[PDB]
Amino acid sequence: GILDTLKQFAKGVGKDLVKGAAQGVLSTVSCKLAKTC
């Protein structure tokens with residue numbers, strides 16, 4: 001349903017964030033003075 005629909009994309013504009021967190025990691029996170037990575 002609609003309540004699964006928004007959840008699907010949310011659990012994907014959340015994977016992209018987990019992917020964004022899972023980018024460097026230490027290089028990005030440490031590099032993340034003002035997100036210069």
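We now examine the environment of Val 18. If you trace the backbone, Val 18 turns up in helix α2 (residues 15-21). We classify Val 18 as partly exposed; its relative accessible area is 47%.

Attention now moves to the environment of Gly 14. Here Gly 14 lies in the loop between α1 (2-10) and α2. Sequence-wise, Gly 14 and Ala 34 are 20 residues apart; in three dimensions their C-alpha atoms are separated by 21 Å.

A separation of 2.0 Å between the sulfurs of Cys 31 and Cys 37 falls under 2.5 Å, matching the UniProt disulfide annotation for this pair. Judged by its relative accessible area of 46%, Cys 37 is partly exposed.

Moving on, we get to the state of the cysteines. Here a disulfide denotes a covalent bond joining the sulfur atom of one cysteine to the sulfur atom of another. One pass over the full model with this rule turns up 1 disulfide. Linked covalently through their sulfurs, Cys 31 and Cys 37 form a disulfide whose S-S length is 2.0 Å. Residues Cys 31 and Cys 37 are joined through a disulfide that is right-handed, its torsion about the S-S bond being 80°.

A cis geometry characterises the amide bond from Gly 24 onward to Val 25, with omega recorded as 0°. When you line up the elements, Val 25 lands in the loop between α2 and α3 (26-31). Phi is positive for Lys 35, which is not a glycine, with a value near 50°. Checked against the element boundaries, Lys 35 lands in the segment after α3.

Rules of the game
- Residues numbered from 1 in each chain as written, not as in the entry; some residues may be left out.
- Heavy atoms only, no water.
- Helix = DSSP H or I, 4+ residues; strand = E, 2+ residues; numbered from the N terminus.
- Buried < 20%, exposed > 50% of the residue type's maximum accessible area, 1.4 Å probe, protein only.
- Disulfide = S-S within 2.5 Å.
- UniProt positions renumbered as here; feature names shortened; annotations may be inferred.

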